[PDB]
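Just one chain follows, in the form deposited in one PDB entry, and it is written as structure tokens.
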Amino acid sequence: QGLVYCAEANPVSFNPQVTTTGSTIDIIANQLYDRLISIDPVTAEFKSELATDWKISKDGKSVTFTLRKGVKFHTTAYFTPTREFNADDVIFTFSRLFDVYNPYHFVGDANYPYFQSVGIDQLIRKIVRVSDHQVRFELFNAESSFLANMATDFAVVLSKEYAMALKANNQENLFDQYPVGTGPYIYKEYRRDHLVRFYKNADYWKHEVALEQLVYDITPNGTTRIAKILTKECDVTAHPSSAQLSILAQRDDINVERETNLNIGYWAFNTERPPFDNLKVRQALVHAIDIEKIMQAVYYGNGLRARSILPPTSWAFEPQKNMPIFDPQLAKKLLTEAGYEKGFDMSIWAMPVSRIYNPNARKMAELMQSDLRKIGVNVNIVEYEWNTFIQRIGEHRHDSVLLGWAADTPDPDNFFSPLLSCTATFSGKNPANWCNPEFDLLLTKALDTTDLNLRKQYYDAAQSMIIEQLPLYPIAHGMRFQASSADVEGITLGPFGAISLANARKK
């Protein structure tokens, strides 16, 4: 039998390297590929995947991975391996990111957003081929977040043989669209905006794959995904719409999982755009927002009010004594003295699809529209297709935007470096358009040591600065929901990272 997964958006690629969008990763990462290592969701220990062992040198500048033997790349319609996975694949996959000499470095858009955001460039010097199944990464500096970053869904292992084959034909452009991985499922078919079809990898190293067929039904409209699970057109529904959770909860033949998760939903300001470059203005706007009405109207009481950018389950979490309080008269008192008495107009960009950190950006933007009108700020709401939306936010076309982050790892740097750093900004991934080298220095020092007490000192200072400067305003942390037919089991959500159907089965 097969499984049909109702997906909230079209995948932007079949290579996880080129995106930080969860919608795409949820489709491709755990299904077609494996990483070197992963992070246990419960102990947070690193777990062997395609790497069997890993070692960090005394100085933190050399990391040796021992690699699994006997791992086969996919046989697909367009590729058949002549050898198994080895060190050459690791060196190719990862040198593609930092080595301008890698023939694939500039393929596609030449963007590797997660990696550029956390500064691969100033990190990886080379990867030595110590043997057929062992490599050693040489870093320019120690970074205590390094393995965490190597365990993200973006850090999958690719096929060098496939890549070198396509190159021979000058068909490099095909590499990222027609994927070859080592994962539990293999690429079969893709109808743009309509569907993706995968089939079971009979030669999968890790386990005997249960499902024969996996189809993703690309259905951006939230209520339609609900409708499709009800009619059993879909077996699993991504990001179920809050308004319909109660409907699903009553159905005997449907399960809805509800898990805690490291995420943040925020209101980001384009800090390079007047009047939003003015801290007093940013402060004025935040005080106008009825956060407690959002906690109910939007989050349906399922969310946790934000006390810092970090969710309270982050080990570095520290509640900020200076979080703004909802006070509309104070907001007015601040705009004038900014000194926007007649106030001004602004846009709030709102996500078109439900995310863990924000199940209804539209509803949230409408609530804020009402709130701000009252101090005299005239909000217009902007919304586009999810992937288009991300792109135009990366081009900083907005005044402000409702966005957030679903953590890829339980390493706190993951809430900072990929979001608010200068490198993040230069990669078009910082919704606040905020380059603050002073802030970044805190991040670097936190990465200069593995001592957790020291890291948290810097992370403490970082959380405080974000509240002081308000490049963005932490709003809430959501619960991670997923609906599925009671016929399904083995599906993994987790407190971080992308969805996995690696162990899914029916009946």
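Residue indices: 1-based, along the sequence shown.
**Q** Please compare 14-22 with 491-499 and name the stretch with the higher mean C-alpha B-factor in the deposited structure.
**A** On average, C-alpha B-factors are higher across 491-499.
**Q** For the higher mean C-alpha B factor in the entry, choose 305-313 or 322-330.
**A** Averaged over C-alpha atoms, the B-factors run higher in 322-330.
**Q** Would you mind checking which of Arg96, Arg191, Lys228, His239 has the top Cα temperature factor in the PDB entry?
**A** If I rank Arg96, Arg191, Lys228, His239 by C-alpha B-factor, first place goes to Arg191.
**Q** Please pick out which of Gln482, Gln31, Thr449, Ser38 has the largest Cα B-factor as recorded in the entry.
**A** Of the options given, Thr449 has the highest CA B-factor in the PDB entry.
**Q** Using the temperature factors of the C-alpha atoms in this entry, rank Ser62 within its chain: lowest, middle or highest third.
**A** As the PDB entry reports it, the C-alpha B-factor of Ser62 lands in the highest third of its chain.
**Q** Mind checking which third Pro113 falls in for C-alpha B-factor across the chain?
**A** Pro113: CA B-factor falls in the lowest third of its chain.
**Q** Tell me, lowest, middle or highest third: where does the Cα B factor of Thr388 rank within its chain?
**A** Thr388: CA B-factor falls in the lowest third of its chain.
**Q** In terms of the chain's CA B-factor thirds, is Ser145 lowest, middle or highest?
**A** Ranked within chain, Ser145 CA B lands in the lowest tercile.
**Q** So where's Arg355 on the chain's Cα temperature factor ranking, which third?
**A** Bottom third by C-alpha B-factor.
The discussion below concerns the form deposited in another entry, not included here.
**Q** Would you pick which one of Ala338, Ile27, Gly478, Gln244 lies where the chain hinges as its rigid parts rotate between the shown form and the other one?
**A** Comparing the two forms, the hinge residue turns out to be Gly478.
**Q** In the other entry, do the Cα atoms of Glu45 and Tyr459 sit closer or farther apart than here, given a shift of 3 Å or more?
**A** Here the pair is farther apart than in the other entry; there, closer.
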